[PDB]
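Contents: one structure, followed by commentary.
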There are 2 protein chains.
Amino acid sequence: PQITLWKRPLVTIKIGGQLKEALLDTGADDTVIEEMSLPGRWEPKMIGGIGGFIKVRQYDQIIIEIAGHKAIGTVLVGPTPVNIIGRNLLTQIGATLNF
Amino acid sequence: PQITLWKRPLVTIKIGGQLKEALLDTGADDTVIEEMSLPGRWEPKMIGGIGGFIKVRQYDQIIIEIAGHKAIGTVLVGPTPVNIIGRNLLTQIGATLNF
Ligand SMILES: CCCC[C@H](NC(=O)[C@H](C)NC(=O)[C@H](CCC(=O)O)NC(=O)[C@H](Cc1ccccc1)NC[C@H](CC(C)C)NC(=O)[C@@H](NC(=O)[C@@H](N)CCCNC(N)=[NH2+])C(C)C)C(N)=O
């Protein structure tokens, strides 16, 4: 897929058997998903963004399918206004920005 | 160019008469620049992201050259942690997201 940017780049993902919508974000180092139950151990972390810092639960080596492509890596879960797929996962599906 | 996502995608931009380094942010609807005295009128605006909102000043019709690509649109100036080139300007340089 060659995704143009006139609209927000929304993609369907499947995490924990659950389908959700997420924004492919090249300005995010990591991947933060809204509060949900995820099987596994998780370590408490803090990340920051434009408005400041938020507390998240950190899950390692989670299997996640982004637009059909699979990836296995870290997923942070917490109070984000929107689900974001960061660079840690976008590199796994071989996404690049072009112009 | 084709930008890979192993590292933050940073490019040099030109606003007003100065050179800067900005991050191409596919998950930013808007463009927000670090604090700087740009001549011209503006309106107060509130912008949010992860963690909350920040107050910014809004300038319209500003010309920015990004990666040797001139565009023109609204720029928001405020105490942002990084210069962020959003979709309002990315669509003007014809940038796509491909995986
Ligand atoms: C391996 C870990 C690395 C270290 C780790 N990294 C970070 O914290 C880095 C700097 N932060 C990030 O990468 C975070 C996302 C979270 C994350 O990836 O962890 N990135 C971000 O927050 C980037 C911008 C940025 C980049 C780098 C630094 C700071 C800021 N923006 C992400 C964000 C996504 C959006 C859909 C909410 N976009 C925005 O914030 C833009 N906002 C918008 O476009 C709004 N119009 C959206 C709606 C707002 N309102 C609402 N939802 N009710 C803004 C630039 C105008 C850490 N914790 O220190």
Side-chain angles (χ1 to χ4, degrees), chain A residues 3 5-13 20-35 42-62 64 66 71-92 95 97, chain B residues 3 5-11 13 15 20-35 43-59 62 64 66 73-91 95 97:
Chain A
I3 307 176
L5 307 166
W6 301 98
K7 319 197 84 178
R8 262 158 141 142
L10 279 308
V11 112
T12 292
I13 74 173
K20 339 220 70 166
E21 207 173 35
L23 184 79
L24 271 22
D25 177 18
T26 68
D29 299 328
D30 314 298
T31 293
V32 54
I33 303 286
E34 74 202 325
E35 277 297 324
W42 58 264
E43 297 100 52
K45 293 297 183 295
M46 191 118 341
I47 62 181
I50 237 59
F53 286 87
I54 71 168
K55 298 167 136 287
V56 294
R57 305 183 332 228
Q58 189 184 239
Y59 293 85
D60 295 318
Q61 302 303 335
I62 294 293
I64 180 160
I66 308 157
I72 311 185
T74 310
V75 172
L76 306 176
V77 181
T80 180
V82 85
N83 297 326
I84 291 138
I85 299 312
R87 292 191 297 100
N88 71 309
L89 298 201
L90 295 172
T91 47
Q92 294 207 5
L97 245 172
Chain B
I3 290 76
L5 279 357
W6 305 105
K7 73 142 283 259
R8 305 192 196 196
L10 285 299
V11 299
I13 62 176
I15 17 153
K20 286 158 180 298
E21 198 175 83
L23 171 97
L24 281 9
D25 206 328
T26 245
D29 296 325
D30 324 286
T31 285
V32 13
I33 270 53
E34 227 295 283
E35 253 307 307
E43 329 165 25
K45 194 189 190 279
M46 287 280 280
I47 58 126
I50 268 186
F53 286 73
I54 64 166
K55 222 239 70 173
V56 287
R57 304 176 254 140
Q58 174 187 321
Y59 292 81
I62 307 293
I64 305 189
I66 145 188
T74 303
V75 168
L76 298 188
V77 188
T80 176
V82 248
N83 289 9
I84 293 163
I85 301 316
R87 294 190 299 100
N88 67 308
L89 277 324
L90 289 182
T91 57
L97 194 56

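We count ligands from 1, going down the list as the structure has it; atoms in each ligand are counted the same way. Convention: sequence-line order gives letters A, B, ...; per-chain numbering from 1.
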**Asked** How close does the nearest protein non-hydrogen atom get to atom 25 (C) of ligand 1, and which residue and atom is it?
**Response** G27(A) O, 3.9 Å

**Message:** Is there a polar contact between ligand 1 and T31(A), counting only N or O atoms under 3.5 Å apart?
**Reply:** no

**Asked** Can you tell me if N88(B) uses its side chain to pair, donor with acceptor, with the backbone of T74(B) under 3.5 Å?
**Response** yes

**Request:** Give the residue and atom name of whichever protein heavy atom lies nearest to atom 28 (C) of ligand 1, and the separation in Å to one decimal.
**Result:** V82(B) CG2, 3.8 Å

**Fill in**
atom 53 (N) of ligand 1 sits nearest the protein heavy atom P81(A) CB, 4.2 Å

**Fill in**
Closest to atom 24 (C) of ligand 1 by heavy-atom distance, out of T80(A), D25(B), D29(B), is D25(B)

**Item:** Heavy-atom donor-acceptor pair, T26(A) side chain to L24(B) backbone, under 3.5 Å
**Value:** yes

**Complete:** So CD1 of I84(A) and CG of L90(A): to nearest 0.5 Å the spacing works out to 11.5 Å

**Request:** Under 4.0 Å from a heavy atom of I47(A): give me the atoms of ligand 1 that qualify, with their elements.
**Result:** 16 (C), 19 (O), 58 (N)

**Message:** Is it the case that the side chain of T80(A) and the backbone of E34(A) share a donor-acceptor pair, with hydrogens and angles ignored and the cut-off at 3.5 Å?
**Reply:** no

**Request:** Measure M46(A) to ligand 1 on non-hydrogen atoms and call it side chain, backbone, both or neither using the 4.0 Å cut-off.
**Result:** backbone

**Prompt:** Which ligand 1 atoms does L23(A) reach within 4.0 Å, using its non-hydrogen atoms?
**Reply:** 36 (C)

**Asked** Can you tell me if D30(A) uses its side chain to pair, donor with acceptor, with the backbone of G86(A) under 3.5 Å?
**Response** no

**Asked** To which protein heavy atom is atom 50 (N) of ligand 1 closest, and what is the distance rounded to 0.1 Å?
**Response** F53(B) CZ, 4.2 Å

**Asked** Does the protein place any heavy atom closer than 4.0 Å to atom 6 (N) of ligand 1?
**Response** yes

**Asked** Between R57(A) and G78(A), is there a donor-acceptor pair closer than 3.5 Å when you use the side chain of the first and the backbone of the second?
**Response** no

**Message:** With a sphere of 6.0 Å drawn around NZ of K7(B), does it hold more than 12 non-hydrogen atoms of other residues, nucleotides or ligands?
**Reply:** yes

**Fill in**
Judged by heavy atoms only, the candidate from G48(A), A28(B), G49(B) nearest atom 12 (C) of ligand 1 is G48(A)

**Request:** With heavy atoms of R8(A) as the reference, note each atom of ligand 1 found under 4.0 Å away.
**Result:** 47 (C), 48 (C)

**Prompt:** What distance do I62(B) atom CD1 and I33(B) atom CD1 have between them, rounded to the nearest 0.5 Å?
**Reply:** 9.5 Å

**Message:** Below a 4.0 angstrom heavy-atom separation, can you tell me which part of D30(A), side chain or backbone, both or neither, approaches ligand 1?
**Reply:** both

**Request:** Give a yes or no on this: more than 12 heavy atoms of other residues, nucleotides or ligands lie within 6.0 Å of atom NZ of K55(B).
**Result:** yes

